[PDB]
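What you see below is based on every heavy atom in this structure, not just the backbone, and it leaves out hydrogens, waters and symmetry mates. Numbered from 1 within each chain, the chains take letters A, B, ... in sequence-line order.
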Protein chains: 2
Amino acid sequence: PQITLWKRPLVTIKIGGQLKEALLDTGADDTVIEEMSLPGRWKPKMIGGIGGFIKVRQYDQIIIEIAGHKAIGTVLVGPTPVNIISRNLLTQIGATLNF
Amino acid sequence: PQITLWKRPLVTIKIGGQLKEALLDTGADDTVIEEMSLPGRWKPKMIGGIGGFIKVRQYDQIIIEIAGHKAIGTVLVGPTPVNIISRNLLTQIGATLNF
Ligand SMILES: CC(C)CN(C[C@@H](O)[C@H](Cc1ccccc1)NC(=O)O[C@H]1CO[C@H]2OCC[C@H]21)S(=O)(=O)c1ccc(N)cc1
Ligand SMILES: [Cl-]
Ligand code: NA
């Protein structure tokens, strides 16, 4: 589909068996989701942006369903104010910016 | 242009006759640039990022070229990690997300 940017590009995704609203974010290197449990191993990481850094848990090889497409990637879990779908996952569904 | 997301979607922008590097960011509502001098009066604004809130200077109706595309709108100046071209200006240059 073609998403205009008049409003925040929010989409519904399926991760860890639950539905969540997320923001499609070309300005993000890695996906960040609010606190939730995920299977497998993880390692601590610090990610920063406007306002500073937050500590998150990094899980690799996680399956995320987005717009019918099933993509696999890294997911950071921590105290983020908004769920963000980053380039790490956007590349897998072939998302591109056009103008 | 059609920009893939395997690398950061960085472009060259021109503001105040100066060339700068900026990140095309669909996950941001307003455009934020690192400290620099802009004409006119500014208004206060607080924006919340991944690490919390910060105060910035809001300048309106600023002329800015983005990847060769002319735009005129609001530019926020503050301690951002990188210059970010957000939805307020992406909509002006006719940018959309596609997949
Ligand atoms: C600042 C950029 C270099 C990177 N940011 C992504 C960006 O899209 C965020 C994404 C975002 C969105 C909402 C809340 C927090 C973070 N937007 C943002 O800070 O925008 C602010 C300016 O306009 C406003 O509109 C949204 C809040 C304001 S980030 O949230 O810090 C980030 C950093 C690292 C990772 N892995 C994932 C995300
Ligand atoms: Cl102030
Ligand atoms: Na894993």
Side-chain angles (χ1 to χ4, degrees), chain A residues 1-11 13 21-34 45-56 64 66-71 73 76-99, chain B residues 1-11 13 21-34 45-56 65-71 73 76-99:
Chain A
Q2 188 173 74
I3 303 295
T4 58
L5 305 174
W6 292 116
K7 311 222 69 178
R8 298 199 177 199
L10 299 173
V11 298
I13 68 166
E21 186 192 73
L23 184 66
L24 299 182
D25 193 356
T26 58
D29 297 338
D30 287 289
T31 302
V32 195
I33 307 291
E34 66 201 325
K45 180 185 177 65
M46 288 287 282
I47 60 174
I50 287 181
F53 290 68
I54 60 169
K55 181 182 179 61
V56 296
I64 300 177
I66 179 172
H69 312 68
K70 86 83 191 177
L76 306 189
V77 182
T80 175
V82 174
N83 295 321
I84 296 164
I85 297 305
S86 73
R87 296 187 294 101
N88 177 75
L89 196 77
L90 291 176
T91 54
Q92 302 299 285
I93 62 175
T96 60
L97 250 181
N98 301 70
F99 57 103
Chain B
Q2 175 161 292
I3 304 177
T4 49
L5 308 164
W6 304 96
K7 318 284 186 303
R8 287 198 197 65
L10 297 170
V11 301
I13 62 173
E21 183 176 72
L23 178 69
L24 298 186
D25 192 353
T26 57
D29 301 342
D30 208 300
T31 291
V32 191
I33 294 181
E34 304 179 301
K45 188 173 178 63
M46 288 183 66
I47 53 173
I50 204 170
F53 285 71
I54 68 169
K55 205 68 193 303
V56 302
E65 175 215 295
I66 303 166
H69 298 272
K70 298 271 61 182
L76 306 185
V77 179
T80 174
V82 298
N83 301 313
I84 295 152
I85 299 303
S86 315
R87 294 192 299 97
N88 74 300
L89 301 183
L90 290 176
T91 57
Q92 283 193 34
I93 64 176
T96 59
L97 263 178
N98 297 271
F99 61 99

Minimal heavy-atom distance between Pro81(A) and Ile50(B), with the atoms involved, is CD-O, 3.8 Å
Closest heavy-atom pair, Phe99(B) versus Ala67(A), reported as atoms and distance to 0.1 Å, is CE1-CB, 3.6 Å
Max heavy-atom pair count under 4.5 Å with chain B, selected residue of [options]:
options: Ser86(A), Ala28(A), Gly49(A); value: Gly49(A)
options: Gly48(A), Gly94(A), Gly27(A); value: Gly27(A)
options: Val32(A), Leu24(A), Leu23(A); value: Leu24(A)

Looking only at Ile85(B), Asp29(B), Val82(B), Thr4(B), most heavy-atom pairs under 4.5 Å shared with chain A are made by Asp29(B)
Pair count under 4.5 Å, heavy atoms only, with chain A: among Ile54(B), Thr91(B), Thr26(B), highest is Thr26(B)
Bottom line for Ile93(B): the part with an atom under 4.5 Å from chain A's heavy atoms is both
Sub-3.5 Å donor-acceptor pair from the side chain of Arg87(B) to the main-chain atoms of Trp6(A), do we have one?
-> yes
Rounded to the nearest 0.5 angstrom, the CG-CG distance for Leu5(A) and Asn88(B) is 11.0 Å
**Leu97(B) side chain reached by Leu97(A) side chain, heavy atoms, under 4.5 Å** = yes
